[PDB]
2 protein chains.
Amino acid sequence: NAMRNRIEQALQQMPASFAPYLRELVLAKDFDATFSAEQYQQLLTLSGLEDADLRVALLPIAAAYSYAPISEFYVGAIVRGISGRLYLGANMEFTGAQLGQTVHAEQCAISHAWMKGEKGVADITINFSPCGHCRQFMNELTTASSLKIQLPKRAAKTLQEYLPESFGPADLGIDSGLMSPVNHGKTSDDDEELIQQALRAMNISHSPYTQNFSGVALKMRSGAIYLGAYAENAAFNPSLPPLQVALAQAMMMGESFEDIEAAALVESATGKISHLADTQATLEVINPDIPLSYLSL
Amino acid sequence: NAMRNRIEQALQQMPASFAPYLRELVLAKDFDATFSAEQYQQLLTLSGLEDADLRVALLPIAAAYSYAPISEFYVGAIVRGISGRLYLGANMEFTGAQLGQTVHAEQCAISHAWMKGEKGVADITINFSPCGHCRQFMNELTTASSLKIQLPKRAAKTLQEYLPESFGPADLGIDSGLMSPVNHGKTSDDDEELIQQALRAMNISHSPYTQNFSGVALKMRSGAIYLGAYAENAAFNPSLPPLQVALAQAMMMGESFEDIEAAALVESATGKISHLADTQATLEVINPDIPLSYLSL
Ligand SMILES: O=c1ccn([C@@H]2O[C@H](CO)[C@@H](O)[C@H]2O)c(=O)[nH]1
Ligand SMILES: O=c1ccn([C@@H]2O[C@H](CO)[C@@H](O)[C@H]2O)c(=O)[nH]1
Ligand SMILES: [Mg+2]
Ligand SMILES: [Zn+2]
Ligand SMILES: [Zn+2]
């Protein structure tokens, strides 16, 4: 885990009541930046705190994963999936790339729950009040109208309270299904294993506005492979490209971007857009030696 | 053309009270998608309507400028600068490019007001509720706290009502100054005139988070020149790149992007990001024959 040093700082400030148990979990080799419902129950019992208070108290663990070399402003978010599992996320910024390549903690935590199989978000606890871009991103979700947003000691609020008279999928005559299960059924006989992995990500992607179903697969020095599916948004700009999603999974799993050895991008030949130019440009600012395999299908 | 036809369609739907004078202004060979305070007052007197209802009535003139090859969803906006002059705007989409390149109507109308000299927005009128991305963009303005947002038959609202507990420049320790008077005073003895024009835009650009003061100049086959200055945002993703701004100015003057002959991008050597990759990639989906001159200053 490349972030353990910063995680240790966050742990050093955690209340004595639950720090030992949290430490045992977060410093474990395979810590995946998630907490099961059972582990959460144990944190509650041990902390003696009310639910909202405990989630807020855990935020620094999420913020410890922040990669913000442009702003040096560290944002952490905690998403409780509808299953009850908690998923951590942090913001990511890319020096030398246009700001549309930025990933917000909220987007990171939500993509983390989604790539791990959640069908929706129950609530999200955030370091700072969510910006309009994140509010709008959240409105694409299956649980847009039911999820709760929690800031420190403040009352929890629904998305609608943070984004009154919202614009969303409905306005483009489409249902709000980000996180709903899908299989686009795309198939390829390509012999490259990294392409086939990206294709699995493409097959669960959400792109009802451009039909550019797409995915990215990142192979690491360790041999691990991280997938990222495209999460498009009705307002267009809040869309989260597949690379950003893959990078987020790698980061939350404790990987260093300096350890990426290869990337693969797979997209739709009939998509109204392409992520190729931006995937290449962003990989170049990360490491110009990373080769990118590509397939339009 | 499609644009001329939509304008004609919009005109035919205007009440006879002011349609004849509106026609006269909108069909002028020099119409620049703006209405002077005087022209607007006269239209108001001819119409016998209340101020807010006339602005709403004029919305289809702005929407007629929409360039939406992806969604075919035409959004129009009318920004009233603090001078009293009205500036039209519409959404802009680019086939083959990542969605961060999209421009919302609200962004277009505001950048139009900004590029023509306005130091603040008094009010913005629109057909639909602004999405979160636009709300976040407006929160960067010098008049974020005083502007009004007008929708059809609804009372005017403040940005705070649409964006409660907002995130913005203050959270990053900075004043909200987009549209305030700016002169970075940068110079260059570069003998290329198009670079000199792009530098004029760069010298008024807004980039307090990355310091990538930047500008673009577009030259049409006719010889008309359009300038665009970078309008960065504290939420990062809602930042409006300089190409986008210049294309907005071209579009509101009635130009066709097929008629762009050359482009120039000027940015800062100490910027934490670069617009090069995305400027070349977007111009490429517009017309691969358009050359891009570049200077990192
Ligand atoms: O709600 C927000 C607002 C901002 N940020 C991050 O804060 C920095 C400045 O906006 C960027 O890295 C951005 O992604 C978030 O993660 N979430
Ligand atoms: O408030 C909004 C929401 C959406 N759009 C435009 O509508 C299309 C679909 O979101 C895109 O071109 C987008 O820029 C706007 O102009 N303003
Ligand atoms: Mg002020
Ligand atoms: Zn945000
Ligand atoms: Zn918008």
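The chain as shown is numbered from 1 upward.
Just so it is clear, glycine is given a Cβ too, placed from its N, Cα and C backbone atoms.
Residues annotated as active site, proton donor in Swiss-Prot, with sequence analysis given as evidence: A:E106. Listed in sequence order, the residues of the same chain lying 6 or more apart from A:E106 (active site, proton donor) and placing their CB within less than 8 Å of its CB are A:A77, A:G89, A:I124, A:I126, A:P130, A:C134, A:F137, A:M138. The secondary structure of A:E106 (active site, proton donor), as reduced to three states from DSSP, is helical.
Residues within less than 8 Å, Cβ to Cβ, of A:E93 (substrate binding site) and separated from it by at least 6 positions along the same chain comprise A:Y67, A:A68, A:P69, A:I70, A:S71, A:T102, A:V103. Reduced to three states, the DSSP call for A:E93 (substrate binding site) is coil. Taken from Swiss-Prot, the feature substrate binding site applies to A:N91, A:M92, A:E93.
For A:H104 (Zn(2+) binding site), the same-chain residues that are 6 or more apart in sequence and have a Cβ closer than 8 Å to its Cβ are A:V75, A:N91, A:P130, A:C131, A:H133, A:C134, A:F137. What Swiss-Prot lists as Zn(2+) binding site is A:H104, A:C131, A:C134.
Per Swiss-Prot, the feature domain 'CMP/dCMP-type deaminase 1' maps to A:50-170; the stated evidence is sequence analysis.
Annotation source Swiss-Prot lists domain 'CMP/dCMP-type deaminase 2' at A:189-297, citing sequence analysis.
Taking all protein chains in view, 26 other C-beta atoms sit within 10 angstroms of the C-beta of A:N91 (substrate binding site). Those recorded positions from the list A:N91, A:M92, A:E93, A:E106, A:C131 that have a Cβ under 8 Å from chain B Cβ atoms: A:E93, A:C131.
Taking a C-beta cut-off of under 8 Å and a sequence gap of six or more, A:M92 (substrate binding site) has these contacts in its own chain: A:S66, A:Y67, A:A68, A:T102, A:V103, A:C108, A:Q244, A:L247, A:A248, A:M251. Per-class residue totals from DSSP over the domain 'CMP/dCMP-type deaminase 2' (A:189-297), listed helix then strand then coil: 35 helix, 28 strand, 46 coil. In this structure, the binding-site residues that sit close to ligand 4, with a C-beta under 6 angstroms from any of its atoms, are A:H104, A:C134, chosen from A:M92, A:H104, A:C134. Within 8 Å of the Cβ centroid of the substrate site, not counting the listed residues A:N91, A:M92, A:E93, the chain contributes A:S66, A:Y67, A:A68, A:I70, A:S71, A:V75, A:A90, A:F94, A:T102, A:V103, A:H104, A:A105, A:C108. Checking the binding-site residues A:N91, A:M92, A:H104 against ligand 1, the ones whose Cβ sits under 6 Å from it are A:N91, A:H104.
DSSP assigns A:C131 (Zn(2+) binding site) to coil in the three-state reduction, placing it in neither a helix nor a strand.
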